[PDB]
Each structure stands twice: as structure tokens, then as C-alpha cells.
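S.K.: I am sharing work-v8.cif, which consists of mmCIF, C-alpha atoms:
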data_work
#
loop_
_atom_site.label_atom_id
_atom_site.label_comp_id
_atom_site.auth_asym_id
_atom_site.auth_seq_id
_atom_site.Cartn_x
_atom_site.Cartn_y
_atom_site.Cartn_z
CA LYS Z 1 101.65 60.25 137.88
CA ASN Z 2 104.32 58.44 139.96
CA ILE Z 3 107.44 59.33 137.96
CA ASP Z 4 110.66 59.28 139.97
CA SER Z 5 114.44 59.41 139.58
CA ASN Z 6 115.05 56.72 142.20
CA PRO Z 7 117.89 54.39 141.11
CA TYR Z 8 116.70 50.87 140.27
CA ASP Z 9 119.16 48.07 139.57
CA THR Z 10 118.67 46.75 136.04
CA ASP Z 11 119.82 43.18 136.74
CA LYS Z 12 116.92 42.75 139.16
CA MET Z 13 114.48 43.82 136.44
CA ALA Z 14 116.14 41.48 133.95
CA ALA Z 15 115.90 38.49 136.28
CA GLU Z 16 112.30 39.31 137.18
CA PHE Z 17 111.37 39.68 133.50
CA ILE Z 18 112.99 36.36 132.58
CA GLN Z 19 111.31 34.53 135.46
CA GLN Z 20 107.84 36.04 135.04
CA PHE Z 21 107.54 36.08 131.23
CA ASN Z 22 109.22 32.76 130.45
CA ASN Z 23 107.62 31.15 127.38
CA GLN Z 24 105.85 34.31 126.21
CA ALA Z 25 105.43 35.84 122.76
CA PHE Z 26 106.81 39.27 121.87
CA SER Z 27 106.51 41.15 118.58
CA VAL Z 28 108.23 44.34 117.44
CA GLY Z 29 106.01 47.27 118.37
CA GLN Z 30 104.18 45.31 121.08
CA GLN Z 31 103.37 46.92 124.43
CA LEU Z 32 102.87 45.30 127.82
CA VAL Z 33 102.93 46.01 131.56
CA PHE Z 34 105.72 44.69 133.79
CA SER Z 35 105.29 44.28 137.55
CA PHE Z 36 108.49 44.75 139.56
CA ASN Z 37 108.57 45.16 143.35
CA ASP Z 38 104.96 46.36 143.40
CA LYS Z 39 105.55 48.91 140.64
CA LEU Z 40 104.11 48.86 137.12
CA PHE Z 41 106.20 49.78 134.06
CA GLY Z 42 105.06 50.24 130.48
CA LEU Z 43 107.35 48.05 128.37
CA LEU Z 44 107.55 48.64 124.61
CA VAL Z 45 109.12 46.01 122.36
CA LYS Z 46 111.87 47.50 120.19
CA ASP Z 47 114.13 44.72 118.85
CA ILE Z 48 114.05 40.93 118.87
CA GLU Z 49 116.87 38.51 118.02
CA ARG Z 50 122.97 36.46 114.24
CA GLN Z 51 119.43 36.20 112.90
CA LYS Z 52 117.10 39.21 113.15
CA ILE Z 53 113.43 38.53 113.89
CA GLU Z 54 110.35 40.69 114.43
CA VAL Z 55 108.26 38.20 116.45
CA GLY Z 56 109.56 35.54 118.80
CA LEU Z 57 109.26 33.60 122.04
CA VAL Z 58 110.81 34.42 125.41
CA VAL Z 59 112.97 31.67 126.92
CA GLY Z 60 114.93 31.45 130.14
CA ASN Z 61 118.38 31.34 128.53
CA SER Z 62 117.85 34.54 126.49
CA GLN Z 63 119.25 37.99 127.26
CA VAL Z 64 117.26 41.18 127.87
CA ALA Z 65 118.43 44.74 127.15
CA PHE Z 66 116.49 47.38 129.08
CA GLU Z 67 116.55 50.90 127.64
CA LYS Z 68 114.85 53.70 129.55
CA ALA Z 69 112.19 55.49 127.52
CA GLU Z 70 112.64 58.95 126.05
CA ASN Z 71 113.06 61.64 128.72
CA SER Z 72 112.61 58.93 131.35
CA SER Z 73 113.90 59.97 134.78
CA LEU Z 74 114.42 56.32 135.78
CA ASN Z 75 118.14 55.88 136.51
CA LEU Z 76 118.58 52.35 135.14
CA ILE Z 77 121.91 51.58 136.78
CA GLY Z 78 123.55 48.17 136.63
CA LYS Z 79 125.01 45.83 134.01
CA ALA Z 80 122.21 46.12 131.43
CA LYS Z 81 122.07 48.09 128.17
CA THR Z 82 120.68 51.24 129.78
CA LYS Z 83 122.41 53.36 127.09
CA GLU Z 84 124.24 55.48 129.68
CA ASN Z 85 127.16 56.07 127.27
CA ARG Z 86 127.05 58.95 124.78
CA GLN Z 87 129.15 57.54 121.95
CA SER Z 88 131.87 59.90 120.74
CA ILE Z 89 131.44 63.47 122.08
CA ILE Z 90 128.27 65.54 121.74
CA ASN Z 91 130.31 68.77 121.62
CA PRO Z 92 127.32 71.16 121.81
CA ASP P 1 158.30 59.06 134.33
CA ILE P 2 157.23 60.04 137.84
CA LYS P 3 160.84 60.56 138.92
CA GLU P 4 161.41 63.29 136.33
CA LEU P 5 158.32 65.20 137.47
CA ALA P 6 159.29 64.80 141.13
CA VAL P 7 162.81 66.11 140.47
CA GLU P 8 161.64 69.04 138.34
CA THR P 9 159.12 70.48 140.80
CA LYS P 10 160.70 72.08 143.87
CA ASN P 11 159.19 73.81 146.91
CA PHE P 12 155.74 72.76 145.73
CA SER P 13 152.82 72.07 148.07
CA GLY P 14 150.52 69.07 148.05
CA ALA P 15 147.59 71.21 146.96
CA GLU P 16 149.73 72.46 144.08
CA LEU P 17 150.62 68.91 143.03
CA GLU P 18 146.95 67.92 142.99
CA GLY P 19 146.22 71.03 140.94
CA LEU P 20 148.93 70.06 138.46
CA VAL P 21 147.54 66.55 138.00
CA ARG P 22 144.02 67.92 137.58
CA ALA P 23 145.27 70.45 135.02
CA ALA P 24 146.98 67.76 132.95
CA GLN P 25 143.93 65.50 132.99
CA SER P 26 141.62 68.38 132.06
CA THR P 27 143.88 69.37 129.16
CA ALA P 28 143.91 65.83 127.79
CA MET P 29 140.15 65.48 128.17
CA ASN P 30 139.52 68.78 126.40
CA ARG P 31 141.88 67.83 123.57
CA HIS P 32 139.93 64.63 122.98
CA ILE P 33 136.63 66.52 123.31
CA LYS P 34 137.91 68.65 120.44
CA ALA P 35 138.69 65.27 118.82
CA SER P 36 139.41 65.70 115.08
CA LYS P 37 136.89 57.83 119.45
CA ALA P 38 136.51 58.30 123.21
CA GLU P 39 137.99 54.90 124.15
CA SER P 40 141.69 55.58 123.46
CA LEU P 41 141.97 58.27 126.14
CA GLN P 42 145.45 58.75 127.60
CA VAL P 43 147.57 61.44 129.26
CA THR P 44 150.74 62.50 127.44
CA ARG P 45 153.91 64.07 128.81
CA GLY P 46 153.17 67.09 126.64
CA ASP P 47 150.11 67.82 128.76
CA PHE P 48 152.17 67.87 131.96
CA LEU P 49 154.72 70.12 130.26
CA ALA P 50 152.13 72.60 128.98
CA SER P 51 150.20 72.67 132.26
CA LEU P 52 153.36 73.30 134.28
CA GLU P 53 154.52 76.00 131.86
CA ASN P 54 151.29 77.99 131.46
CA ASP P 55 149.68 77.50 134.88
CA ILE P 56 150.27 76.60 138.53
CA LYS P 57 152.13 79.50 140.16
CA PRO P 58 153.84 78.05 143.25
CA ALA P 59 153.71 80.56 146.08
CA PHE P 60 157.27 79.78 147.21
CA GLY P 61 158.51 79.39 143.62
CA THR P 62 160.08 81.49 140.89
CA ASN P 63 158.09 83.86 138.67
CA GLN P 64 159.13 84.92 135.16
CA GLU P 65 156.90 87.93 134.43
CA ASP P 66 158.74 90.04 137.01
CA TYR P 67 162.06 89.14 135.37
CA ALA P 68 160.67 90.04 131.95
CA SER P 69 159.55 93.35 133.45
CA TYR P 70 162.79 94.36 135.20
CA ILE P 71 165.27 93.36 132.47
CA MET P 72 163.95 94.63 129.15
CA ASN P 73 166.93 94.74 126.75
CA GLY P 74 169.07 91.80 127.84
CA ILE P 75 172.77 92.44 128.33
CA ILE P 76 175.22 93.76 125.72
CA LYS P 77 178.94 93.29 126.41
CA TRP P 78 180.18 96.83 125.79
CA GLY P 79 183.35 96.46 127.86
CA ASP P 80 185.27 94.61 130.52
CA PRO P 81 183.29 95.84 133.56
CA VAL P 82 180.18 93.84 132.63
CA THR P 83 182.24 90.66 132.39
CA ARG P 84 184.01 91.50 135.65
CA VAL P 85 180.77 91.99 137.58
CA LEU P 86 179.14 88.88 136.13
CA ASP P 87 182.21 86.77 136.93
CA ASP P 88 182.40 88.19 140.46
CA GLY P 89 178.77 87.45 141.32
CA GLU P 90 179.40 83.73 140.92
CA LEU P 91 181.97 83.82 143.73
CA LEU P 92 179.37 85.06 146.21
CA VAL P 93 176.84 82.55 144.89
CA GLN P 94 179.30 79.69 145.43
CA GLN P 95 180.27 80.91 148.89
CA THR P 96 176.66 80.99 150.04
CA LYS P 97 175.93 77.61 148.46
CA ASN P 98 178.90 75.60 149.77
CA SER P 99 180.45 76.90 152.99
#
Spit out the file's structure as C-alpha cells when you get a sec.

M.R.:
Amino acid sequence: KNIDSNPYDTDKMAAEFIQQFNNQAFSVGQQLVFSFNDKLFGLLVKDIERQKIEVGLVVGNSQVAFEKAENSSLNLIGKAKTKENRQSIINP
Amino acid sequence: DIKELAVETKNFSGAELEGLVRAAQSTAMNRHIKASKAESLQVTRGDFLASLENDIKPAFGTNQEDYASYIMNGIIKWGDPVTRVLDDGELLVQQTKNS
């Protein structure tokens, strides 16, 4: 109901996620709600980690890769893995 | 080499130079879009050459279509007078260029 295209820096979300959810459990396919600057986002767990794991623990020294959901208008600018690059050329 | 491009173009305008650079970059980008790797992008001298040849008509420059329209069968040396006239034109050209 409150969708918007307003640009939100991704590094701020990454730092907030790391600080708030330190020492928390995440499993592939899990869903949760993330509070950032008085706004609620529906986070869906996609991949967890070079060993590959499906369930793990969140620690402060980890990295986080935010990817905007399908057809999401959120312009996730910044240094994160927003997936803003279309590899190769689409060539419609 | 920037010097070669600077020497080649004469009586151009700044707008025309910007247009030339844009044309070269667009040609390179379209070539790579055609592709057969979007990280090895570069601009080649061939792009400048093609863009200059097939586009960018300087207002105060020289056109070729009008030449191709006026002279339509070249020149055939059928006698001395053609050589005489051609050799005499150069004298006037030199006089206007030097003195």
C-alpha cells in the first residue's frame, strides 16, 4: 500500500541489518520483517554462505547482499548487490 | 592520436566536434550491443573514421555529393587543350594562395 520509488542507500540498510539482527538464525526460504528508518520491509532469505549452507547464524563480521524483489520499485542504490547490472546485452 | 584528428578537421564548430565524439561513441556502443562481454568496451580509430566519413556535414566545409553530381564522367585526355587548362589553373591557385 505504501510502495515508492524513492532512492534508499543500501549501505544504511546493511549496517542496520547487521546491528539489529546480530546473533540471529536464518534459513533458506525464511521470511521476516525489517525495520529501517520507521519503514517495514518484507525480507525473504535466498542464499546463505567457500562453503554453501541452507541454515546459519548472523554475526557482525558477515556480509549482506540486498536484492530488490521482483518488479520492486525500490531504487536500491549504493555499494550493495542490488543487481543493477544486466550482464551481457539483453538485445530485445 | 588527438593531434591527427585535430589536424584533419578544419573549419569545424564546437557543436560539430561534440557531435563527432558522440557519433563515434554511439557507433562503438552499438557494435558491442550487436556483440557476436560488456566489460572490454573501447573506442577504435575506425569508429572515428567511419563517423567522419558517413556523417557530420560541416556547414562551412566541403561537400562531395555536389561534386559527384556536377562531374559525371571524369576527365578523358583527348588532346592538348585539357592539359593546358588544367596546368594553367594551378597558376591562379598558387597566386591566390601565396602573394

S.K.: For a cut-off of 12 Å around (148.6, 66.8, 133.5), file coordinates, pick out all residues using all atoms listed in the file and list them as a VMD selection string.

M.R.: chain P and resid 2 5 17 to 30 42 to 56

S.K.: Mind checking which residues fall within 9 Å of residue Z:73, counting only C-alpha atoms, ignoring those fewer than 4 positions away in the same chain, and posting them as a PyMOL selection string?

M.R.: chain Z and resi 3-6+68-69

S.K.: List as CSV every residue of chain Z that is in contact with chain P, defined as an atom at most 7 Å from one of its atoms (using all atoms listed in the file), together with the nearest atom pair and the distance in Å rounded to one decimal, sorted by chain and then rising number.

M.R.:
residue,atom,partner,partner_atom,distance
Z:88,CA,P:38,CA,5.5
Z:89,CA,P:33,CA,6.1
Z:91,CA,P:33,CA,6.9

S.K.: Near stretch 46-57 of chain Z, counting only C-alpha atoms, which residues have an atom at most 6 Å away, once you skip same-chain residues fewer than 2 positions from it, shown as a count of residues only?

M.R.: 5

S.K.: Applying 12 Å and all atoms listed in the file, which residues near residue Z:79 remain after dropping the ones on its own chain fewer than 2 positions away? List them as a CSV table (one decimal) with C-alpha atoms, in the frame of the given file.

M.R.:
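Result saved to result_31.csv:
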chain,number,residue,atom,x,y,z
Z,8,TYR,CA,116.7,50.9,140.3
Z,9,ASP,CA,119.2,48.1,139.6
Z,10,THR,CA,118.7,46.8,136.0
Z,11,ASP,CA,119.8,43.2,136.7
Z,12,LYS,CA,116.9,42.8,139.2
Z,13,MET,CA,114.5,43.8,136.4
Z,14,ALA,CA,116.1,41.5,134.0
Z,15,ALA,CA,115.9,38.5,136.3
Z,63,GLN,CA,119.2,38.0,127.3
Z,64,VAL,CA,117.3,41.2,127.9
Z,65,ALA,CA,118.4,44.7,127.2
Z,66,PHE,CA,116.5,47.4,129.1
Z,67,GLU,CA,116.6,50.9,127.6
Z,76,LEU,CA,118.6,52.4,135.1
Z,77,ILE,CA,121.9,51.6,136.8
Z,81,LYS,CA,122.1,48.1,128.2
Z,82,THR,CA,120.7,51.2,129.8
Z,83,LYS,CA,122.4,53.4,127.1
Z,84,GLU,CA,124.2,55.5,129.7

S.K.: Give me, please, the distance in Å between atom CA of residue Z:2 and atom CA of residue Z:40, quoted to one decimal.

M.R.: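 Distance reported for this atom pair: 10.0 Å.
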
S.K.: Under the rule that all atoms listed in the file are counted, which of Z:21, Z:90, Z:58, Z:44 is the nearest residue to residue Z:70?

M.R.: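 Ranked by minimum distance to residue Z:70, first place goes to Z:44.
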
S.K.: Report, in Å with one decimal, the straight-line distance from atom CA of residue Z:7 to atom CA of residue Z:75.

M.R.: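 It comes out at 4.8 Å.
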
S.K.: Within 8 Å of residue Z:43, counting all atoms listed in the file, which residues qualify if same-chain residues fewer than 6 places away don't, as an NGL selection string?

M.R.: :Z and (31-34)

S.K.: Using the chain letters and numbers from the file, which residues does the PyMOL selection byres ((chain P and resi 61) around 10) grab, as a count of residues only?

M.R.: 10

S.K.: By how many Å are atom CA of residue Z:62 and atom CA of residue Z:23 apart?

M.R.: 10.8 Å

S.K.: For stretch 47-56 of chain P, I'd like the enclosing box, axis-aligned and padded by 8 Å on every side, reported as JSON with centre and edge lengths in Å to one decimal.

M.R.:
{"center_x": 152.2, "center_y": 72.9, "center_z": 133.6, "size_x": 21.0, "size_y": 26.2, "size_z": 25.8}
